[PDB]
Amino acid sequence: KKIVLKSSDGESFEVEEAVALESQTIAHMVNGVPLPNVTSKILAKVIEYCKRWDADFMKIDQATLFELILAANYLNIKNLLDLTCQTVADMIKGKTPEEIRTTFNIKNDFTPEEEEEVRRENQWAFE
């Protein structure tokens, strides 16, 4: 028995019931499954992951990564969410505050005095 999943683009995907059970959002749904929050491009990647290294699977551009985080969370796939979130953490590791800002296109919202307050707080922990 094989179950059908619908993306936001309209397109449909046929998957094994073992594969779709990996999403706890899908498992809760009791013709076929509409997923208005997941595009075809991203749903294909989810399905590919749900076939049961993944270091290769994570060799994607930044936009796709964050869309995959949103999908993994909208569906309830703990392992994919963990992998995608660990990958973002690895991007943060080893970067200066400016390099972090540049990578994720973050605006510095700190006052000069707030910045020094954070710095002074950080001093209370060994590195």
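Heads up: residue numbers just count along the shown sequence, starting at 1. The term rigid core refers to the most C-alpha atoms you can superpose between the two forms while keeping them within 1.5 Å.
Student: Could you tell me which of the two stretches, 74-82 or 91-99, has its Cα atoms lying farther from the shown structure in 4 other deposited structures of this protein after fitting on the rigid core?
Tutor: Taking the RMS over all superposed structures in 4 other deposited structures of this protein, 91-99 lies farther out.
Student: Does the comparison with other PDB entries of this protein show residue 31 lacking coordinates in a third or more of them, where both adjacent residues are built?
Tutor: Yes: coordinates for residue 31 absent from at least a third of the compared entries.
Student: Can you check if residue 118 is missing its coordinates in at least one third of the other PDB entries compared, counting only those that model the residues either side of it?
Tutor: Residue 118: modelled in all of the comparison entries.
Student: Could you bin the unmodelled part of the deposited chain lying between residue 52 and residue 53 as none, 1 to 3, 4 to 9, or 10 or more?
Tutor: 10 or more residues lack coordinates between residue 52 and residue 53.
Student: Select between 95-103 and 60-68 the stretch whose C-alpha atoms have the higher average B-factor in the entry.
Tutor: Higher of the two, by average CA B-factor, is 60-68.
Student: Please work out which of 41-49 and 71-79 has the higher mean CA B-factor as recorded in the PDB entry.
Tutor: Looking at the record's C-alpha B-factors, the answer is 41-49.
Student: If you rank the chain by CA B-factor, which third does residue 113 end up in: lowest, middle or highest?
Tutor: CA B-factor rank for residue 113: middle third.
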